[PDB]
8 protein chains.
Amino acid sequence: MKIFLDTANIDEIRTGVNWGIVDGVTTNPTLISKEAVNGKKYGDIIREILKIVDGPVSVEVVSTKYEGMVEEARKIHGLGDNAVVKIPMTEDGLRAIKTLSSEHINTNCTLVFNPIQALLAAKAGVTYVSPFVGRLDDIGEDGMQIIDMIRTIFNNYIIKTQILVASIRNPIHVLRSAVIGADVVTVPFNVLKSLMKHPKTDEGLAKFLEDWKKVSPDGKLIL
Amino acid sequence: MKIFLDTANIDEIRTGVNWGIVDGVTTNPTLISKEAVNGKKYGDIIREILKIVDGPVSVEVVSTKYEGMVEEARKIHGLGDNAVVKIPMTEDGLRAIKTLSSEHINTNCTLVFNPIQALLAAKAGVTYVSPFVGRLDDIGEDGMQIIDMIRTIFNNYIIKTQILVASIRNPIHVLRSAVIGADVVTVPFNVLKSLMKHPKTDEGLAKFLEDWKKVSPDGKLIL
Amino acid sequence: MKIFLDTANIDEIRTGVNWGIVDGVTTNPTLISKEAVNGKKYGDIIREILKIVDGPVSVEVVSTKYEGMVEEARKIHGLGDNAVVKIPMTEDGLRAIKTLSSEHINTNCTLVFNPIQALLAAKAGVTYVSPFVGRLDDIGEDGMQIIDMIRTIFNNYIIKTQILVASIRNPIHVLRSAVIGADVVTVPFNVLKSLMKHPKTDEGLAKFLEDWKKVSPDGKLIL
Amino acid sequence: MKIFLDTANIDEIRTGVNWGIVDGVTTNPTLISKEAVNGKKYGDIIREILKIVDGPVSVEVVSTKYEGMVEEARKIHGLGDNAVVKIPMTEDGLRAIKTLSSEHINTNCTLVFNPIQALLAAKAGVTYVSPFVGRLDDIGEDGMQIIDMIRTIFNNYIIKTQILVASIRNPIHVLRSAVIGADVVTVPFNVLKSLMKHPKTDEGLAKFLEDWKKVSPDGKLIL
Amino acid sequence: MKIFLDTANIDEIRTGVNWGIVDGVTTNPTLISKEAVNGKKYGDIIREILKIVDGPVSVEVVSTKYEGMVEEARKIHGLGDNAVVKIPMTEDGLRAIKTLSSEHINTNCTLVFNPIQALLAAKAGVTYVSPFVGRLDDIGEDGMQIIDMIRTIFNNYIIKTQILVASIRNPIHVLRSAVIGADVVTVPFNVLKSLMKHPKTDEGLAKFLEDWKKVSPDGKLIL
Amino acid sequence: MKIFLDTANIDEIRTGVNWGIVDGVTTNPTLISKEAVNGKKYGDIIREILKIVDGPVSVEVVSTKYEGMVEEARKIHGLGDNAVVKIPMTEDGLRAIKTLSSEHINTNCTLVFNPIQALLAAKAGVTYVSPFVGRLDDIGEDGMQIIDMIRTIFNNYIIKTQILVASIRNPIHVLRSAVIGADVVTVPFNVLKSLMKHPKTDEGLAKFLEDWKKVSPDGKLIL
Amino acid sequence: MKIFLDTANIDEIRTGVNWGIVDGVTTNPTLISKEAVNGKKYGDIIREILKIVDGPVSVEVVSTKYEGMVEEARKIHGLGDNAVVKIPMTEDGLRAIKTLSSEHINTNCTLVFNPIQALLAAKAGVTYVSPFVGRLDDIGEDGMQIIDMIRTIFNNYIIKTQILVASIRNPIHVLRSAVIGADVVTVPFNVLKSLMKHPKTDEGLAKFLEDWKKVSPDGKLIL
Amino acid sequence: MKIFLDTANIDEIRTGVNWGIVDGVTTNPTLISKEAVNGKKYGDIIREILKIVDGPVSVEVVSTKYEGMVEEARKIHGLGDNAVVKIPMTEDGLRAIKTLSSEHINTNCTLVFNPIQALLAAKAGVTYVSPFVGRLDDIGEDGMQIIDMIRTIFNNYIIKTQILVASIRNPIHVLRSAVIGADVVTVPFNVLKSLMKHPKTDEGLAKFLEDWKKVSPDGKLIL
Ligand SMILES: *[C@@H](CO)[C@@H](O)[C@H](O)[C@H](O)[C@H](O)COP(=O)(O)O
Ligand SMILES: *[C@@H](CO)[C@@H](O)[C@H](O)[C@H](O)[C@H](O)COP(=O)(O)O
Ligand SMILES: *[C@@H](CO)[C@@H](O)[C@H](O)[C@H](O)[C@H](O)COP(=O)(O)O
Ligand SMILES: *[C@@H](CO)[C@@H](O)[C@H](O)[C@H](O)[C@H](O)COP(=O)(O)O
Ligand SMILES: *[C@@H](CO)[C@@H](O)[C@H](O)[C@H](O)[C@H](O)COP(=O)(O)O
Ligand SMILES: *[C@@H](CO)[C@@H](O)[C@H](O)[C@H](O)[C@H](O)COP(=O)(O)O
Ligand SMILES: *[C@@H](CO)[C@@H](O)[C@H](O)[C@H](O)[C@H](O)COP(=O)(O)O
Ligand SMILES: *[C@@H](CO)[C@@H](O)[C@H](O)[C@H](O)[C@H](O)COP(=O)(O)O
């Protein structure tokens with residue numbers, strides 16, 4: 001399972017990349033507009049992320065119409081080979097995906113909330129589909145159930161579109177995505193940070209340290 | 001999973017095709033006779049649909065006897081290479097399918113209401129079999145259970161006949177079909193139009209628009 | 001399981017009532033506005049339904065504010081002992097339900113789309129809660145799963161609020177509701193009339209009639 | 001589980017009753033017409049069955065309209081206290097059941113093919129409901145599944161209507177009915193006979209006889 | 001669960017009774033005729049067993065006809081109040097059980113090999129029914145499945161006939177019977193003797209003995 | 001799944017073969033003796049069946065000893081390449097199968113009633129094994145369970161012997177065989193006929209005809 | 001599934017072999033010592049079995065120490081290419097297995113009572129592992145559950161050691177072994193002879209014989 | 001499944017290695033510090049284990065920082081080609097594993113307590129991952145459940161990292177690990193010695209010994 005960071009915060013991205021556990025990044029218009037403040041321009045932020053991240057970086061078109069989406073998608077693609085164009089699940093978006101796929105431009109279909117929307121995005125040729133699990137949780141439906149159905153559907157038809165689980169809110173969305181077999185999860189920085197941690201890891205390290213001091217006062221291993 | 005449009009309404013078909021989410025069309029004598037009124041000839045409607053739709057178009061014979069079925073099937077076939085001949089599940093129909101298969105004319109067995117009828121159609125060599133789910137729901141039996149059994153049976157015997165789920169009434173028929181792994185669903189236009197939609201997609205788009213205006217008052221993405 | 005008719009059409013109601021299979025009626029502002037045309041007044045329609053139907057008749061408030069909802073509710077109550085006041089799942093709506101419940105005015109919480117909304121309506125003291133199954137089906141979620149969870153939750157806490165399944169679209173919503181154990185379904189007229197029918201019933205009657213004529217020419221049963 | 005005999009053959013009835021394994025009888029117009037041959041009159045057949053059988057005896061009305069059904073039902077009821085009036089699952093039928101129930105006349109609703117038909121009959125106050133399992137098997141649906149759902153539904157609502165499984169064709173219909181918990185099965189004579197039998201019973205008897213001869217040449221137990 | 005000994009061997013019975021784990025005895029013509037050799041009379045064996053065993057003792061009739069069965073049953077009954085009359089699952093046997101039940105003579109229906117035979121025996125009023133599990137195992141059917149179905153059926157109808165599992169061949173028949181909830185098992189002596197035993201019991205006792213010698217060389221507990 | 005006809009009635013065979021739905025025929029000595037009446041000779045009946053039927057035709061030996069079975073088998077095989085020799089599950093039978101398999105003569109082991117009998121037949125090299133499901137139903141055991149276990153066993157060991165389900169009594173035996181994945185079912189003619197039929201097929205045909213009349217009074221499809 | 005005979009009785013072996021259903025033989029020191037009486041020598045018994053049986057013949061070492069076990073093993077090996085050396089699950093036994101496996105001497109690890117013992121024997125390279133099911137049943141644990149776990153473990157790791165189920169007591173140990181997919185069962189003679197038998201086989205043959213005599217007086221099948 | 005010894009005690013290791021059932025060894029700072037007392041040096045202990053164990057020997061770094069971990073790892077590697085470097089699940093540990101993997105130095109990530117930690121370790125390229133089951137049991141969660149999830153996740157993504165189950169406390173941890181399909185278990189010496197043993201193995205050997213003495217007074221097997 002690939003793990004992407006879901007943020008436009010450059011400090012977060014630099015930190016996660018330096019950890020070597022980040023395989024790519026997703027952004028969206030809300031995340032970008034959050035960071036583009038106090039003199040920061042959205043063009044600069046987008047370019048900076050593309051440069052810092054080796055892996056896929058998803059950037060969302062803002063046009064709602066086919067022609068505008070395709071024009072923006074081409075500009076996004078032009079910014080770097082790792083750029084992936086994020087396109088919403090709408091009639092115009094499916095049309096844009098089909099055109100862009102034929103032009104060999106990688107795509108990510110977003111704002112997906114049920115398995116049939118996901119199947120339609122796959123049929124348009126999309127590179128990644130992003131169902132939102134937290135926003136479903138918000139409205140009282142267990143969002144992970146949709147991921148499970150999408151995985152079964154895609155398995156049934158040998159679909160090559162990757163499942164990129166989005167709107168992740170906690171480490172159990174991550175755990176359940178891996179057990180289901182989603183291709184990618186994209187996670188906010190707080191969640192990413194949590195993933196490596198467990199109290200028994202800390203406790204075990206402390207005990208090893210203490211026991212080793214018994215035989216090596218300076219705590220060294222000399223071989 | 002292929003998605004066909006189940007109508008003879010030329011306006012619906014043009015619209016669906018332009019959406020890019022329609023892989024073929026199914027008709028039947030009721031659908032066609034509904035459209036062929038106030039001057040419109042059934043022969044013209046059939047030809048127009050064949051012209052408009054790139055993918056398979058199912059057209060049903062009206063003869064109840066073997067010889068008449070085959071004679072009608074050949075005429076249907078001659079109207080275009082994308083024509084598929086719809087034949088009912090009857091003794092004469094099974095005979096006609098067998099003959100037509102040997103002539104390399106694609107066939108679609110219809111009015112199937114249990115898994116054994118579907119198996120018989122596959123044994124006759126039919127290209128598609130169309131179990132009806134809504135008409136079973138109508139009489140108090142969950143039609144989707146028949147689809148589930150047909151998929152299992154076809155899997156068991158590595159049967160190449162495609163399952164083309166028909167009498168679809170709602171988007172859950174479509175969802176359950178995809179999870180089962182049916183090859184094709186054919187849907188009325190009202191159902192088709194609902195498949196792309198979800199209130200959280202609309203809501204997320206509105207929020208993205210609003211947030212983006214904060215960094216680009218005119219609402220565009222200049223890269 | 002009680003069976004209510006979901007309509008404001010007097011002809012449908014008179015017909016279903018005379019069939020003996022209708023235990024009550026649910027209306028809403030859309031259904032009533034459909035009928036209040038060609039000079040028919042909504043006030044007359046409502047009173048007429050109350051008169052024809054011996055069982056519960058739900059009638060929806062139109063105000064969105066607490067004070068207006070309880071004013072309208074008391075007026076609805078004043079129309080007949082069988083009136084039930086339909087109130088939407090909103091903050092004001094729950095406050096209204098709590099007040100009316102204490103006043104011993106029967107209530108029906110509507111526009112419920114998940115089990116926790118249903119629980120909140122029950123906690124406010126509502127007489128009936130109406131989850132909408134068809135409108136969930138519309139958006140690609142199997143609405144019956146919400147009925148199943150609500151039944152489990154209500155069982156857990158011995159909740160006395162009745163589950164009144166609404167937005168019913170077909171006879172399998174009705175079947176599944178009965179197997180789950182919902183207290184009430186409310187169904188459109190087209191669904192109601194289908195519930196008694198089965199082709200093997202018709203076939204079986206025809207055969208019995210024919211056999212009997214073999215021993216009683218006139219077809220009589222003289223005892 | 002009560003076991004009824006499904007026949008109008010007087011000889012079978014006498015034999016079954018004398019085996020002591022028969023709790024009642026069901027007839028229908030086909031079964032009776034079969035016996036009312038060569039001078040035998042249907043009215044005499046019906047009266048003799050009521051006489052020979054201590055348990056319930058189902059006799060079906062032939063009229064298809066409400067007034068005729070109620071008139072014939074009252075006549076059937078007048079023939080003896082053990083008479084039960086068989087009424088078909090129709091609009092008129094349900095009305096007749098309601099009326100007759102209020103007159104304390106026992107009823108059996110017949111020609112039921114799904115669980116919602118059975119529920120409607122129960123709601124009309126019917127004494128017994130008779131779903132047909134063999135005729136469902138005939139059309140490629142496992143009829144025992146309908147009995148299972150009806151049992152669950154009736155359990156949910158504490159329904160007092162008895163499930164009387166009909167159209168029984170083999171001993172596994174009987175076994176499955178008992179495991180589900182149906183109130184009554186009605187069986188043809190040939191099925192009835194087979195229920196007492198097993199090759200290991202016969203084999204064990206033969207062996208006990210042979211072994212006992214060794215200790216008692218005359219094969220008696222003298223105590 | 002009661003545990004009966006399935007033998008006519010008086011030595012086995014005395015031994016089992018002295019162990020305190022035998023609640024009753026079952027015999028049959030094969031078991032008795034096995035013991036009644038070289039002078040020993042079957043009448044004496046039966047009387048001795050009735051004297052030795054406090055609990056129920058099943059003794060089988062040898063007549064195959066109703067009148068002979070009942071005459072033998074009454075003689076068996078007169079030998080002692082703890083006698084239970086074993087009657088085979090046949091038409092004549094069901095008749096005899098019914099008569100004997102009305103006379104307050106306890107009965108045990110034997111040679112039962114499926115759940116419907118067991119139900120018929122319960123319907124005749126039998127005190128115990130004895131399905132055979134080993135003889136089913138002999139012919140390639142898992143006999144315990146029949147016990148499981150009988151328990152479910154008897155539970156469904158609140159049947160008071162006790163399930164007395166017979167033809168027991170090993171301790172897992174006994175374990176599975178207890179987990180299912182059979183009322184009684186009847187076991188051959190070899191199986192009986194194994195039930196108390198386990199290698200870890202012996203091993204734990206040996207260790208306890210050894211450890212105790214360390215604080216009390218003579219091996220006693222002085223308190 | 002292949003469908004064979006289980007009959008020696010020449011008229012049924014001709015009819016079934018001409019429906020095009022029959023892949024072979026099974027006979028046995030009872031079926032043949034039924035036809036060999038009024039001058040008709042068994043040898044002529046067998047030869048005619050081999051002639052009319054292109055697929056396998058099972059003909060049963062009557063000898064009970066190894067030498068007689070092998071002699072009769074060779075004669076049956078000599079009558080035509082499509083002849084398959086039916087051999088009973090006995091000690092001599094298994095030996096005959098082994099010999100005949102080494103002689104490249106196709107075999108069908110019959111009178112199988114449990115899964116281990118079926119495995120032994122497969123180990124002897126038999127071409128088809130025929131468990132009897134109806135005769136198990138007769139004695140109160142669901143015969144389809146044996147087919148399920150045999151399928152699992154044969155899958156485990158990659159056994160090439162084909163499962164040919166026999167003693168079929170109804171269309172649910174057929175449905176369950178297909179869902180399990182049995183290689184072949186052999187069915188009586190009356191069952192065969194019922195497999196193509198469904199009341200909703202007939203009803204849908206009638207409706208298509210009526211609707212088409214509106215657009216074509218003569219009910220033809222002129223293209 | 002292979003079927004071996006678990007005995008040292010030459011008469012039983014000759015008989016089972018001549019039946020054609022015995023694929024090999026297992027012995028042990030108890031079985032051999034039973035037979036080596038009245039002047040019969042164990043050395044002659046073993047060589048005689050090796051001669052009669054074409055398949056694997058397991059013969060158990062009596063030494064408890066590594067050196068003795070490999071010495072005896074090599075001598076057993078020297079008796080015939082079909083000899084298999086049975087070695088118990090002990091520390092010395094595993095060492096012996098590892099040595100012999102490298103010497104290409106076939107081995108059978110015996111006295112296995114749980115799945116981890118079976119895994120250790122496999123890891124030592126053993127040809128066959130023999131878990132004991134009956135001796136577990138003796139102590140109140142269902143021994144077949146251990147076979148199921150061993151099959152799962154061996155599947156997980158693609159282990160080539162064959163599972164050779166031993167301490168078989170009845171035909172359901174054999175049935176369950178086949179459904180689980182054990183490679184081999186070894187069975188006592190009394191169990192072997194029961195595997196071919198079923199009362200409905202005998203009953204069916206008798207009926208076929210009678211019917212045939214109706215058309216062939218002599219009972220011949222002349223073709 | 002590979003079985004390693006989890007200890008730094010040379011006597012235990014020498015013993016297990018002599019038994020032939022130990023495939024490798026794991027150590028940790030606590031285990032080593034335990035043995036390195038009363039003059040024993042940790043350097044000698046580590047080298048000694050490397051010398052006598054043919055298979056993988058895991059040795060843990062003590063540094064908590066990336067540079068120290070990588071340096072200590074290279075030193076461990078240099079001690080022998082069977083050394084595996086144990087590295088804790090921390091940020092600097094994952095970085096170290098990635099570097100060491102690129103240097104073709106085998107690694108074992110330790111102190112793993114949930115499946116997502118295990119996944120991150122795999123993503124870093126670790127050779128083995130070691131989730132701790134006993135320490136989870138300690139804090140009241142069944143640690144084997146984490147092993148099951150890790151197996152499923154690794155299967156989903158065809159991950160080549162081996163699951164090395166650690167903190168093993170009893171033989172049921174070993175059994176469950178094998179049933180799940182873990183690649184390796186590492187076990188304390190007390191657990192290891194218990195794996196070969198079972199009381200029925202001992203009892204069976206004693207009986208075989210006793211019986212053989214009947215045929216061979218000196219207890220030998222002469223062939
Ligand atoms: C792109 C893939 O769709 C990604 O940035 C998504 O847009 C975000 O994961 C969601 O919008 C986050 O929503 P949430 O409601 O904050 O969890
Ligand atoms: C052809 C079969 O592939 C297709 O047009 C079917 O005839 C229709 O789907 C059904 O007739 C539609 O029936 P419904 O009762 O309207 O749902
Ligand atoms: C009242 C709730 O008991 C009832 O009238 C509901 O308002 C209706 O059942 C729904 O509004 C019907 O919606 P649909 O989308 O037409 O199925
Ligand atoms: C009455 C219902 O209690 C009963 O006589 C039923 O009418 C019969 O069981 C069925 O008509 C029998 O039909 P089948 O198709 O012969 O099985
Ligand atoms: C009486 C029934 O309660 C009892 O003695 C039974 O007759 C026996 O348990 C069986 O006959 C024993 O048969 P098996 O074939 O020896 O196991
Ligand atoms: C042969 C097996 O392939 C086949 O003819 C069988 O003999 C028959 O199916 C059975 O004998 C039919 O028995 P039933 O009891 O009539 O169902
Ligand atoms: C060898 C293992 O393949 C085999 O002879 C076994 O030793 C026997 O199957 C058992 O010893 C038989 O024990 P039981 O307790 O008589 O069933
Ligand atoms: C190393 C593999 O990670 C191995 O030595 C582990 O460190 C041990 O298995 C555990 O530390 C043992 O802990 P426990 O709490 O004693 O069971």
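Both ligands and their constituent atoms are indexed starting at 1 by order of listing. A, B, ... follow the sequence lines: proteins, then strands. Residue 1 opens every chain.
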Tell me: protein heavy atom nearest [atom], and distance?
| atom | value |
| --- | --- |
| atom 10 (C) of ligand 4 | D:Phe132 CE2, 3.5 Å |
| atom 7 (O) of ligand 7 | G:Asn28 ND2, 3.0 Å |
| atom 9 (O) of ligand 4 | D:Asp6 OD2, 2.5 Å |

Minimum heavy-atom separation for G:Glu203 and D:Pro199, please, with both atom names.
OE1-CB, 4.5 Å
Considering all heavy atoms of both residues, which atom of G:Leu111 and which atom of H:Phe208 are nearest to each other, and what is their separation?
CD1-CE1, 3.8 Å
Quick one: look at G:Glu60 and ligand 7, take heavy-atom pairs under 4.0 Å, and tell me if it's side chain, backbone, both or neither.
neither
Can you tell which part of G:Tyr128 has a heavy atom less than 4.0 Å from ligand 7: side chain, backbone, both or neither?
neither
Within 6.0 angstrom of F:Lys197 NZ, more than 12 heavy atoms from elsewhere:
no
For atom NZ of D:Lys2, decide whether the heavy atoms of other residues, nucleotides or ligands shown that lie under 6.0 angstrom number more than 12.
no
Whether [X] side chain and [Y] backbone form a donor-acceptor pair below 3.5 Å:
| X | Y | result |
| --- | --- | --- |
| F:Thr27 | F:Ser58 | yes |
| D:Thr107 | D:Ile97 | no |
| D:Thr161 | D:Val126 | yes |

How are the rings of D:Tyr128 and D:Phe4 set relative to one another: parallel (under 30°), tilted (30 to 60°) or perpendicular (over 60°)?
perpendicular
Atoms in ligand 7 flagged as close to [X], the criterion being non-hydrogen separation under 4.0 Å:
| X | answer |
| --- | --- |
| G:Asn108 | 3 (O) |
| G:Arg169 | 14 (P), 15 (O), 17 (O) |
| G:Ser130 | 2 (C), 3 (O) |

Contacting atoms of ligand 6, where contact means under 4.0 angstrom from a heavy atom of F:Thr110:
2 (C)
So is there a nitrogen or oxygen of D:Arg135 less than 3.5 Å from a nitrogen or oxygen in ligand 4?
yes
I need the contact type for D:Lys86 against ligand 4. Using non-hydrogen atoms and a strict under-4.0 Å cut-off, is it side chain, backbone, both or neither?
side chain
With a heavy-atom distance limit of 4.0 Å, tell me whether D:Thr27 approaches ligand 4 through its side chain, its backbone, both, or neither.
backbone
Quick one: does F:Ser167 get within less than 4.0 Å of ligand 6, heavy atoms only?
yes
Answer yes or no: is there an ion pair linking C:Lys207 with C:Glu210, defined by an N-O contact shorter than 4.0 Å?
no
Compute the minimum heavy-atom distance from D:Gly134 to ligand 4 and say whether it is under 4.0 Å.
no
